[PDB]
Amino acid sequence: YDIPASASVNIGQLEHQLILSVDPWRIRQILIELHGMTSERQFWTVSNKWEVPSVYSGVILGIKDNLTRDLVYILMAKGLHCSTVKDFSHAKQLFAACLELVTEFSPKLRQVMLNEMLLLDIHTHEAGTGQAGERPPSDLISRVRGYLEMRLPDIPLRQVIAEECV
Amino acid sequence: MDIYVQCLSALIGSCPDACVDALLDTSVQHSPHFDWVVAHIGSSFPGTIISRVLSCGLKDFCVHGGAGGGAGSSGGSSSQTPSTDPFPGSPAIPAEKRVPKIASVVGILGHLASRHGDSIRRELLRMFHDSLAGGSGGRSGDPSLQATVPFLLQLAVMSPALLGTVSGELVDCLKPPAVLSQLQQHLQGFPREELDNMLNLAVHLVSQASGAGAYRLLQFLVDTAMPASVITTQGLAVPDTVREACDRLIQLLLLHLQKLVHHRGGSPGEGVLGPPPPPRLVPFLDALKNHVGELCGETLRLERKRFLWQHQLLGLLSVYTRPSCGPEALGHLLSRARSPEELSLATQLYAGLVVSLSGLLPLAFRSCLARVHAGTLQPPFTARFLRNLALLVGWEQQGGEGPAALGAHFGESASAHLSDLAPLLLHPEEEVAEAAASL
């Protein structure tokens with residue numbers, strides 16, 4: 001119930017709503033209010049179910065601001081879960097808001113996020129358009145071709161993404 | 001004589017030598033001739049306080065055990081009281097290994113009563129050293145796990161009698177349960193039917209916010225304990241909270257608040273445990289693992305708010321356990337579901353389990369259809385389940401925002417599971433045939 005007159009159970013209800021939440025803006029509001037009314041503690045360890053690969057986890061946890069790193073952590077974890085569930089609408093929304101979150105941040109981080117864009121677009125064209133897709137729009141094909149032909153900076157490339165695009 | 005015997009016992013305890021065997025035999029012969037329980041307890045007490053903090057020795061331990069056995073064979077109520085008092089006074093190293101070395105029924109009962117009195121005095125005085133002594137006595141009683149249920153019942157009967165020291169006795173009993181992992185949890189749950197509940201309500205009314213914090217800690221301990229009859233404990237709690245069967249409205253409100261607090265603690269236990277460390281096992285949850293189906297039965301029986309509470313409980317249990325029991329809960333609810341409100345409950349728990357995990361519909365369909373083709377899943381249950389699926393696939397074929405928000409893809413799931421549905425078309429039960437035809 002709302003207004004539980006205790007900060008601990010209020011935090012528990014709020015993090016339960018955060019886990020239940022799908023809107024990235026609502027996730028941002030809940031987590032920023034939680035950071036406001038708590039100390040400077042990380043809150044992704046309110047749900048052990050959220051899985052992040054370690055290679056991307058190092059660079060996603062190499063952020064000084066606890067608020068921004070927690071926001072981007074929950075966004076990419078929930079979006080990756082939605083991508084596993086094949087929920088490309090909400091996954092696209094979460095990853096889009098993550099894009100505008102990371103555009104202020106490092107080019108390395110947003111380039112990893114652009115690889116996430118590439119993989120999400122591939123999976124969305126595979127499943128949402130169906131196997132009976134008559135013709136890809138080829139803009140993503142040109143994007144994949146250009147990314148594979150450049151391969152330039154020290155971005156940790158995922159072999160899953162490489163085999164998917166190949 | 002006594003000093004020489006104590007020195008020989010200490011030397012035998014320190015250095016394992018046979019030079020004190022004849023001295024111990026002579027001391028044992030002299031003690032039976034004296035037939036003095038007070039002298040035997042006095043020889044045992046300084047001897048233990050020396051050769052239990054110095055070093056462990058088999059012959060000295062046997063001699064002390066024989067002296068204590070003679071003292072206990074004699075009556076010696078005042079001797080046993082002074083022996084228990086000297087043991088708490090000198091709690092040095094193996095004092096628990098010395099005092100409980102008697103291993104007698106009457107001696108263990110007296111030690112348990114003395115430890116209960118010491119813990120009551122510790123709770124009254126709020127002293128750290130007294131609380132440590134009471135905890136040491138409780139740990140000594142727990143290692144002698146022969147019969148503590150009557151002592152716990154006597155302590156619970158004594159606590160509900162008072163109103164002033166009742167809160168302190170309850171706090172001391174809750175801390176001893178927090179240390180001993182609540183061995184008599186089923187016995188604790190069973191006795192408080194209505195009168196102990198009313199007495200505890202009066203004690204809590206006489207108590208204060210410290211009593212409220214102690215009650216919250218006891219609720220956390222009960223949630224983190226009671227593996228014996230979790231179903232019985234939850235049934236006792238839910239009828240006293242949602243069904244309003246409690247003798248006091250304040251007691252019912254406290255039960256509802258305790259249920260909410262236990263749910264919040266389990267949710268922090270489920271999620272905030274940590275991804276890198278292994279999770280901790282919850283006795284309540286893995287005891288209700290075997291009674292997951294009957295919880296779905298109560299949820300379909302649809303009480304006032306108990307169905308909501310058990311919906312959240314089933315969701316958190318499914319998140320907690322590693323096979324995740326989601327196919328099982330979904331299949332049971334679909335089997336015994338008959339109306340769109342239960343179907344909506346299924347969709348809501350599916351939403352929780354789909355923001356939690358994956359594979360739920362394929363696992364549920366294989367599990368439920370295997371149970372259908374088996375000897376179980378009677379024709380009314382399976383007719384209800386198939387026609388519930390028919391309603392679901394119809395809604396998902398229609399629906400404009402519902403399935404869009406909760407995309408379950410029942411159509412592709414049953415399209416995967418088409419092959420086994422034809423024998424359900426030829427099934428001799430007419431309702432089963434009709435439901436399969438619709439699906």
# chains A, B, ... in the order shown; residues from 1 in each chain; ligands from 1

call {"tool": "interface_residues", "arguments": {"of": "chain A", "to": "chain B", "cutoff": "9 Å", "atoms": "only C-alpha atoms", "output": "list in words"}}
result
residues 9, 12, 13, 16, 19, 20, 21, 22, 43, 44, 45, 46, 47, 48, 49, 50, 51, 78, 81, 82, 84, 85, 87 and 90 of chain A

call {"tool": "residues_around", "arguments": {"residues": "residue 80 of chain A", "least_positions_apart": "5", "cutoff": "10 Å", "atoms": "only C-alpha atoms", "output": "VMD selection string"}}
result
chain A and resid 50 to 52 74 to 75 85 to 88 91 94 to 95 116 120

call {"tool": "select_by_dssp", "arguments": {"residues": "segment 151-315 of chain B", "states": "helix (DSSP H, G or I)", "output": "PyMOL selection string"}}
result
chain B and resi 151-161+166-180+185-189+195-206+209-223+230-241+249-271+283-301+306-315

call {"tool": "residues_around", "arguments": {"residues": "segment 104-113 of chain B", "least_positions_apart": "4", "cutoff": "7 Å", "atoms": "only C-alpha atoms", "output": "NGL selection string"}}
result
:B and (84 or 117 or 141)

call {"tool": "atom_distance", "arguments": {"atom1": "atom CA of residue 143 of chain A", "atom2": "atom CA of residue 108 of chain A"}}
result
17.7 Å

call {"tool": "residues_around", "arguments": {"residues": "residue 162 of chain A", "least_positions_apart": "3", "cutoff": "12 Å", "atoms": "only C-alpha atoms", "output": "mmCIF file with N, CA, C and O atoms, in the first residue's frame"}}
result
data_model
loop_
_atom_site.group_PDB
_atom_site.id
_atom_site.type_symbol
_atom_site.label_atom_id
_atom_site.label_comp_id
_atom_site.auth_asym_id
_atom_site.auth_seq_id
_atom_site.Cartn_x
_atom_site.Cartn_y
_atom_site.Cartn_z
ATOM 1 N N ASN A 115 26.588 -0.937 -31.210
ATOM 2 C CA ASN A 115 26.597 -2.369 -31.500
ATOM 3 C C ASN A 115 25.346 -3.046 -30.954
ATOM 4 O O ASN A 115 24.802 -3.963 -31.587
ATOM 5 N N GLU A 116 24.882 -2.605 -29.782
ATOM 6 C CA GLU A 116 23.594 -3.069 -29.272
ATOM 7 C C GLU A 116 22.448 -2.671 -30.196
ATOM 8 O O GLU A 116 21.510 -3.453 -30.384
ATOM 9 N N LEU A 118 22.749 -2.363 -33.430
ATOM 10 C CA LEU A 118 22.891 -3.250 -34.579
ATOM 11 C C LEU A 118 22.279 -4.616 -34.293
ATOM 12 O O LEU A 118 21.489 -5.136 -35.091
ATOM 13 N N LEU A 119 22.606 -5.191 -33.134
ATOM 14 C CA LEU A 119 22.083 -6.508 -32.779
ATOM 15 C C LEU A 119 20.572 -6.477 -32.578
ATOM 16 O O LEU A 119 19.861 -7.395 -33.012
ATOM 17 N N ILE A 122 18.903 -6.268 -35.951
ATOM 18 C CA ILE A 122 18.970 -7.564 -36.624
ATOM 19 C C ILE A 122 17.900 -8.502 -36.080
ATOM 20 O O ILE A 122 17.146 -9.119 -36.843
ATOM 21 N N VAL A 144 25.576 -2.519 -41.179
ATOM 22 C CA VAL A 144 26.316 -3.724 -40.815
ATOM 23 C C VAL A 144 27.570 -3.851 -41.667
ATOM 24 O O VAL A 144 28.659 -4.155 -41.161
ATOM 25 N N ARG A 145 27.430 -3.608 -42.973
ATOM 26 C CA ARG A 145 28.552 -3.691 -43.897
ATOM 27 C C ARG A 145 29.636 -2.689 -43.531
ATOM 28 O O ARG A 145 30.821 -3.034 -43.472
ATOM 29 N N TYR A 147 30.119 -1.202 -40.553
ATOM 30 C CA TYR A 147 30.692 -1.539 -39.253
ATOM 31 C C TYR A 147 31.697 -2.677 -39.364
ATOM 32 O O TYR A 147 32.792 -2.616 -38.782
ATOM 33 N N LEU A 148 31.345 -3.718 -40.124
ATOM 34 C CA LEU A 148 32.248 -4.845 -40.323
ATOM 35 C C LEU A 148 33.480 -4.434 -41.113
ATOM 36 O O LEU A 148 34.581 -4.929 -40.857
ATOM 37 N N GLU A 149 33.317 -3.537 -42.084
ATOM 38 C CA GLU A 149 34.469 -3.099 -42.855
ATOM 39 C C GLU A 149 35.362 -2.150 -42.069
ATOM 40 O O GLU A 149 36.566 -2.092 -42.343
ATOM 41 N N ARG A 151 35.630 -1.842 -38.238
ATOM 42 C CA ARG A 151 36.175 -2.592 -37.086
ATOM 43 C C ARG A 151 37.309 -1.854 -36.363
ATOM 44 O O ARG A 151 38.206 -2.472 -35.785
ATOM 45 N N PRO A 156 35.246 -3.727 -27.456
ATOM 46 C CA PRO A 156 35.182 -5.189 -27.331
ATOM 47 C C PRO A 156 34.027 -5.745 -28.148
ATOM 48 O O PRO A 156 32.858 -5.632 -27.769
ATOM 49 N N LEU A 157 34.364 -6.352 -29.280
ATOM 50 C CA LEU A 157 33.379 -6.888 -30.207
ATOM 51 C C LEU A 157 32.889 -8.226 -29.674
ATOM 52 O O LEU A 157 33.687 -9.042 -29.202
ATOM 53 N N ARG A 158 31.581 -8.447 -29.745
ATOM 54 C CA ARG A 158 31.033 -9.729 -29.338
ATOM 55 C C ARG A 158 30.930 -10.665 -30.534
ATOM 56 O O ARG A 158 30.389 -10.306 -31.589
ATOM 57 N N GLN A 159 31.464 -11.877 -30.362
ATOM 58 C CA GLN A 159 31.378 -12.889 -31.407
ATOM 59 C C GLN A 159 29.942 -13.296 -31.688
ATOM 60 O O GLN A 159 29.649 -13.739 -32.801
ATOM 61 N N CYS A 165 25.509 -11.069 -37.521
ATOM 62 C CA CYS A 165 25.499 -10.233 -38.716
ATOM 63 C C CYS A 165 26.024 -10.992 -39.931
ATOM 64 O O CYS A 165 25.538 -10.786 -41.051
ATOM 65 N N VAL A 166 26.986 -11.899 -39.728
ATOM 66 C CA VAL A 166 27.472 -12.724 -40.833
ATOM 67 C C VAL A 166 26.359 -13.638 -41.340
ATOM 68 O O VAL A 166 26.131 -13.761 -42.552
#

call {"tool": "closest_residue", "arguments": {"among": "A:34, A:89, A:24, A:71", "to": "residue 127 of chain A", "atoms": "only C-alpha atoms"}}
result
A:89

call {"tool": "residues_around", "arguments": {"residues": "residue 70 of chain A", "least_positions_apart": "2", "cutoff": "8 Å", "atoms": "only C-alpha atoms", "output": "number ranges by chain"}}
result
A: 31, 42-44, 66-68, 72-74

call {"tool": "write_last_selection", "arguments": {"atoms": "C-alpha atoms", "output": "compact mmCIF listing (two decimals), in the first residue's frame"}}
result
# COMPACT_ATOMS: atom_id res chain seq x y z
CA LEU A 31 15.97 5.40 -9.49
CA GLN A 42 24.46 1.15 -5.95
CA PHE A 43 20.97 -0.30 -6.36
CA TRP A 44 21.30 -2.76 -9.25
CA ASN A 66 26.60 6.17 -9.14
CA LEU A 67 23.32 7.58 -10.46
CA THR A 68 24.32 7.47 -14.13
CA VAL A 72 22.50 2.78 -17.62
CA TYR A 73 23.03 -0.58 -15.87
CA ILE A 74 19.31 -1.13 -15.24

call {"tool": "closest_residue", "arguments": {"among": "B:162, B:397, B:206, B:236", "to": "residue 193 of chain B", "atoms": "only C-alpha atoms"}}
result
B:236

call {"tool": "residues_around", "arguments": {"residues": "segment 86-98 of chain B", "least_positions_apart": "6", "cutoff": "7 Å", "atoms": "only C-alpha atoms", "output": "NGL selection string"}}
result
:B and (48-49 or 52-53 or 133 or 140)

call {"tool": "atom_distance", "arguments": {"atom1": "atom CA of residue 137 of chain A", "atom2": "atom CA of residue 117 of chain A"}}
result
15.7 Å

call {"tool": "atom_distance", "arguments": {"atom1": "atom CA of residue 180 of chain B", "atom2": "atom CA of residue 139 of chain B"}}
result
7.3 Å

call {"tool": "closest_residue", "arguments": {"among": "B:432, B:205, B:425, B:173", "to": "residue 381 of chain B", "atoms": "only C-alpha atoms"}}
result
B:432
